[PDB]
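*Asks:* Build me a structure from this.
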Amino acid sequence: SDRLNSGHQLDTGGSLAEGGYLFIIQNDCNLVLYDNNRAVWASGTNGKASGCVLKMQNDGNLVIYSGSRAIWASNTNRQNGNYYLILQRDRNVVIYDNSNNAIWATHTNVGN
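*Replies:* Numbers count the residues shown, from 1 in each chain. Dropping the coordinates below:
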């Protein structure tokens, strides 16, 4: 899929995909955006642990966990609501609320 809804997670090696864009939580615990196999953005958390998952939380925070241990976060926690993470066709990876308001982005947009 191209999106991850709040209250849901990507398991290890799970990803968002849109054409040649791949946003993946890796087994090495690095969260990486690939543009046709070339890394263009990463959380830089390779080697912090293994078997990581990526959780889009109901408080709007995006968090990498290895089991119960927190590894990295977008730090965009706010009030509970419906949020989603999306890999856009312009290569930006964005968290939105329910009203077309971005609360976080990788700023990997191309062409705009």
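
*Asks:* show me where the chain has strands.
*Replies:* Counting by DSSP state E, one finds strands in the chain at the ranges 3-5, 8-10, 15-18, 21-25, 31-35, 38-42, 52-56, 62-66, 69-73, 84-87, 93-96, 102-105.

*Asks:* Quickly run through the sheet partners of the second one, with directions.
*Replies:* Based on DSSP bridges, the strands next to strand 8-10 in the sheet, each with its direction, are strand 52-56 (antiparallel).

*Asks:* ditto for the fourth one
*Replies:* Counting by DSSP bridges, the strands paired with strand 21-25 are strand 15-18 (antiparallel), strand 31-35 (antiparallel).

*Asks:* Residues contacting the first one, please?
*Replies:* Outside of strand 15-18, the residues that reach it under the criterion C-beta atoms under 8 Å, 6 or more residues apart in numbering are 1-4, 10, 22-25, 85-89, 93. C-beta here means a position set from N, CA and C on the backbone, and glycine is covered the same way.

*Asks:* now do the longest one
*Replies:* Taking C-beta under 8 Å, 6+ apart as the criterion, the residues outside strand 31-35 that touch it are 20-26, 39-43, 45, 54, 64, 72, 91, 93, 106, 108.

*Asks:* Quick check: closest non-adjacent residue to residue 76.
*Replies:* residue 104 (4.5 Å; C-beta to C-beta, 6 or more residues apart in numbering).

*Asks:* Residue 96 versus the one you found, what's the distance?
*Replies:* Distance of residue 104 to residue 96, given as C-beta to C-beta, to the nearest Å: 9 Å.

*Asks:* do residue 73 as well
*Replies:* 18 Å.

*Asks:* before we move on, what about residue 38?
*Replies:* Separation of residue 38 from residue 96 (C-beta to C-beta): 26 Å.

*Asks:* hang on, the earlier thing: in PyMOL, how would I select just the buried ones from the contacts of strand 15-18?
*Replies:* In PyMOL syntax, the buried subset of the contacts of strand 15-18 is picked out as below (16 or more other C-beta atoms under 10 Å):
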select buried, resi 2+4+10+22+23+24+25+85+86+87+88+93
